[PDB]
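Please read the structure below before turning to the comments.
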Amino acid sequence: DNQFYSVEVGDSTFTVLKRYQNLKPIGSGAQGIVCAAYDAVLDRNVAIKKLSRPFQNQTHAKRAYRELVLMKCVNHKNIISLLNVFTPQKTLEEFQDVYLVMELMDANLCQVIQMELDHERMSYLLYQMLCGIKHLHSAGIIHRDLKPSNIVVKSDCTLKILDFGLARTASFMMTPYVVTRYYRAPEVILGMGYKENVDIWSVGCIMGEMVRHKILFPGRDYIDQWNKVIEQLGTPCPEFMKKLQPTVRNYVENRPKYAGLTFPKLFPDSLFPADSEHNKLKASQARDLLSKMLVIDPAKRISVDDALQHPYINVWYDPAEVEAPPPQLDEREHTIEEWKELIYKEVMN
Ligand SMILES: Cc1cc(NC(=O)c2cccc(-n3cc(NC(=O)Nc4ccccc4)cn3)c2)ccn1
């Protein structure tokens with residue numbers, strides 16, 4: 001009779017459709033808790049994320065709504081695709097939670113970064129991240145907040161990006177969670193204005209960490225983080241400074257000057273499989289790509305198309321996956337009641 005059932009999953013109550021069985025916790029985040037499950041209807045394993053009262057505040061609401069909308073605008077093997085969306089609640093008045101269902105993956109990219117990976121695996125993960133970012137850019141979506149915790153992989157080395165990044169407008173959270181900012185581009189750190197290659201910096205940060213096994217640009221907030229960028233890469237050129245707002249420009253120019261380390265110093269041969277001649281050349285190509293991605297000035301940073309054509313990446317190139325047909329737009333402040341209805345009607349398509 002009742003098409004739903006409830007189970008306790010570490011404090012959280014998961015009320016799901018009876019087709020989803022044997023729920024087990026797999027992940028946590030600000031926006032929701034994630035379970036693995038067996039889908040008896042599709043006869044396959046799935047991941048179920050629970051969004052609890054996503055209309056409770058502006059931050060959760062914009063993100064929940066934006067991502068329910070954008071998932072219908074996108075169709076690419078390297079981007080999250082939903083198998084199902086549902087709410088156990090019967091009316092708008094009763095509405096509390098949203099459950100999102102996707103293919104069950106095997107790991108988060110944080111786990112993969114901790115491993116020693118050959119150049120075949122690393123170049124393939126990067127190629128897929130670039131394909132996913134290319135597809136998002138073609139659909140008018142510049143991410144600006146790509147990070148490993150929002151990227152998932154399968155044992156076969158296949159990869160998917162799980163989110164759509166930053167709102168095209170903007171904020172406060174009572175939740176004790178902290179937003180990971182270490183992969184953000186200088187144009188985001190310094191509130192500059194950006195183009196598609198803002199996402200290249202984030203790929204560079206991920207690639208760098210895969211090699212170094214340490215976050216490249218850590219820090220308590222943007223102050224410490226900027227210090228890390230300039231100490232390693234060196235103070236940017238005068239041409240860069242001109243594009244900064246006058247107040248951020250003053251702070252940036254009055255920071256201590258740094259020459260910055262060269263890329264062989266930043267990423268020595270020790271960090272690379274560089275035993276065979278094949279590995280020696282791939283190590284040289286990997287460092288070359290990193291030197292083109294970790295570039296402070298976006299005017300001098302490599303583009304998505306040029307990174308895809310890079311010798312380190314182009315061995316995976318296939319036209320069927322580099323280009324997919326790219327096909328209304330919300331940018332408004334709303335009350336709890338407004339967001340609850342906007343979300344509910346997206347859920348009830
Ligand atoms: C064969 C097998 C594999 C596993 N998998 C894991 O242990 C694992 C580990 C880390 C991440 C993931 N994973 C995380 C998602 N989705 C989301 O995080 N977020 C998300 C969900 C739904 C919609 C929108 C967004 C997908 N898989 C799985 C467990 C048991 N057996």
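If you're wondering about the labels, chains in the structure tokens are A, B, ... by order shown, residues count from 1 in each chain, ligands from 1 in order shown.
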
Check every protein, DNA and RNA residue against ligand 1, keep those with an atom at most 9 Å away (counting only C-alpha atoms and all ligand atoms), and present them as a PyMOL selection string.
chain A and resi 24-29+32-37+45-50+80-85+99-109+111+149-155+162-163

Selection to disk with C-alpha atoms, as a compact mmCIF listing (two decimals), in the first residue's frame:
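Generated output (part-v3.txt):
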# COMPACT_ATOMS: atom_id res chain seq x y z
CA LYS A 24 24.50 1.96 3.53
CA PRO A 25 26.25 5.35 4.21
CA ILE A 26 28.85 6.35 1.61
CA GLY A 27 29.26 10.10 2.01
CA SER A 28 28.52 13.37 3.80
CA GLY A 29 28.30 17.06 2.85
CA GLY A 32 23.03 16.29 2.29
CA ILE A 33 23.87 12.73 3.34
CA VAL A 34 24.58 10.06 0.63
CA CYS A 35 23.71 6.30 0.70
CA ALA A 36 24.51 3.37 -1.55
CA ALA A 37 21.46 1.14 -2.31
CA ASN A 45 23.35 -0.30 -7.45
CA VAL A 46 22.58 3.41 -6.94
CA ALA A 47 23.60 6.36 -4.73
CA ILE A 48 20.78 8.29 -2.99
CA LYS A 49 21.35 11.78 -1.65
CA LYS A 50 18.86 13.32 0.82
CA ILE A 80 26.20 13.70 -13.07
CA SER A 81 22.97 12.29 -14.54
CA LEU A 82 19.95 11.58 -12.30
CA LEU A 83 18.12 8.21 -12.43
CA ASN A 84 15.30 9.45 -10.17
CA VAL A 85 14.07 12.39 -8.06
CA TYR A 99 15.89 12.49 -2.72
CA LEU A 100 18.20 12.41 -5.75
CA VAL A 101 19.21 9.04 -7.25
CA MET A 102 22.22 8.43 -9.54
CA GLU A 103 24.53 5.56 -10.58
CA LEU A 104 26.60 4.26 -7.64
CA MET A 105 30.26 5.16 -8.14
CA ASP A 106 33.22 3.56 -6.33
CA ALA A 107 35.19 6.48 -4.86
CA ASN A 108 35.53 10.21 -4.40
CA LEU A 109 38.56 11.88 -6.16
CA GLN A 111 40.61 8.91 -2.27
CA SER A 149 35.13 16.10 -3.02
CA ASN A 150 32.57 16.85 -5.83
CA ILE A 151 34.14 14.43 -8.33
CA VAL A 152 33.55 10.64 -8.40
CA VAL A 153 35.25 7.73 -10.12
CA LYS A 154 34.60 4.07 -10.93
CA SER A 155 37.16 1.21 -10.69
CA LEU A 162 28.70 15.97 -9.36
CA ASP A 163 27.87 19.69 -9.06

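Using only C-alpha atoms, the protein and nucleic acid residues lying no more than 9 Å from residue 292 (chain A), apart from those fewer than 5 places from it along its own chain, are residues 204, 287, 300, 301, 302 and 307 of chain A.
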
Produce a file of the selected residues containing N, CA, C and O atoms, as a tab-separated table (two decimals), in the first residue's frame.
chain	number	residue	atom	x	y	z
A	204	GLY	N	44.34	22.37	-12.51
A	204	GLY	CA	45.77	22.48	-12.22
A	204	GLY	C	46.06	22.15	-10.76
A	204	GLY	O	47.00	21.41	-10.46
A	287	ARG	N	54.55	18.01	-16.30
A	287	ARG	CA	55.03	19.28	-15.73
A	287	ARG	C	54.75	20.46	-16.65
A	287	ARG	O	54.35	21.53	-16.16
A	300	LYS	N	47.01	34.61	-19.58
A	300	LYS	CA	48.16	33.75	-19.94
A	300	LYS	C	47.98	32.26	-19.58
A	300	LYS	O	48.87	31.45	-19.86
A	301	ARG	N	46.85	31.91	-18.99
A	301	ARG	CA	46.47	30.55	-18.61
A	301	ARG	C	45.94	29.83	-19.85
A	301	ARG	O	45.20	30.41	-20.65
A	302	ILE	N	46.27	28.54	-19.97
A	302	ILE	CA	45.84	27.70	-21.08
A	302	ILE	C	44.30	27.59	-21.08
A	302	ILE	O	43.67	27.71	-20.02
A	307	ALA	N	44.21	22.74	-23.61
A	307	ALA	CA	44.59	21.72	-22.64
A	307	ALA	C	44.22	20.33	-23.19
A	307	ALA	O	44.96	19.37	-22.97

What separation in Å, quoted to one decimal, exists between CA of residue 312 (chain A) and CA of residue 285 (chain A)?
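Interatomic distance here is 5.5 Å.
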
Could you give me, as JSON lines, a per-residue list for region 156-270 of chain A showing, wherever an atom lies at most 12 Å from an atom of region 64-69 of chain A, the closest pair of atoms and their distance in Å to one decimal, using only C-alpha atoms and sorting by chain then residue number from low to high?
{"residue": "A:162", "atom": "CA", "partner": "A:67", "partner_atom": "CA", "distance": 9.6}
{"residue": "A:163", "atom": "CA", "partner": "A:67", "partner_atom": "CA", "distance": 7.2}
{"residue": "A:164", "atom": "CA", "partner": "A:67", "partner_atom": "CA", "distance": 6.6}
{"residue": "A:165", "atom": "CA", "partner": "A:67", "partner_atom": "CA", "distance": 9.2}
{"residue": "A:166", "atom": "CA", "partner": "A:66", "partner_atom": "CA", "distance": 9.9}
{"residue": "A:167", "atom": "CA", "partner": "A:66", "partner_atom": "CA", "distance": 8.2}
{"residue": "A:168", "atom": "CA", "partner": "A:66", "partner_atom": "CA", "distance": 10.2}

Write a file of the selected residues as a tab-separated table (two decimals), in the first residue's frame, keeping N, CA, C and O atoms.
chain	number	residue	atom	x	y	z
A	162	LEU	N	30.03	16.06	-9.99
A	162	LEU	CA	28.70	15.97	-9.36
A	162	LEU	C	27.91	17.25	-9.19
A	162	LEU	O	26.74	17.17	-8.83
A	163	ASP	N	28.55	18.42	-9.33
A	163	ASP	CA	27.87	19.69	-9.06
A	163	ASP	C	28.04	20.70	-10.19
A	163	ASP	O	28.77	20.41	-11.14
A	164	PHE	N	27.41	21.89	-10.06
A	164	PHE	CA	27.43	22.92	-11.11
A	164	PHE	C	28.04	24.23	-10.66
A	164	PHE	O	27.95	25.23	-11.37
A	165	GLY	N	28.72	24.18	-9.54
A	165	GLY	CA	29.50	25.28	-9.01
A	165	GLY	C	28.75	26.42	-8.40
A	165	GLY	O	27.72	26.23	-7.75
A	166	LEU	N	29.31	27.61	-8.59
A	166	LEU	CA	28.88	28.87	-8.00
A	166	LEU	C	27.69	29.52	-8.69
A	166	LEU	O	27.57	29.49	-9.92
A	167	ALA	N	26.84	30.17	-7.88
A	167	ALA	CA	25.68	30.92	-8.37
A	167	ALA	C	26.20	32.09	-9.22
A	167	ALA	O	27.26	32.66	-8.93
A	168	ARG	N	25.45	32.43	-10.28
A	168	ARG	CA	25.78	33.51	-11.21
A	168	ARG	C	25.43	34.91	-10.67
A	168	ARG	O	25.33	35.86	-11.44

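Taking CA of residue 246 (chain A) and CA of residue 293 (chain A) as the two end points, the separation is 26.3 Å.
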
For a quick check of understanding, using only C-alpha atoms, which of A:136, A:157, A:41, A:9 has the smallest distance to residue 121 (chain A)?
A:157

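Minimum distance to residue 200 (chain A) across A:58, A:3, A:291, A:158 (counting only C-alpha atoms) occurs at A:291.
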
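Residues in contact with residue 257 (chain A) at up to 10 Å, not including ones fewer than 4 positions away on its chain and judged by only C-alpha atoms, are residues 230, 231, 234, 235, 236, 252 and 253 of chain A.
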
For each of A:244, A:211, A:110, A:141, take the minimum atom-to-atom distance to residue 269 (chain A), counting only C-alpha atoms, then give the residue where this is smallest.
A:211
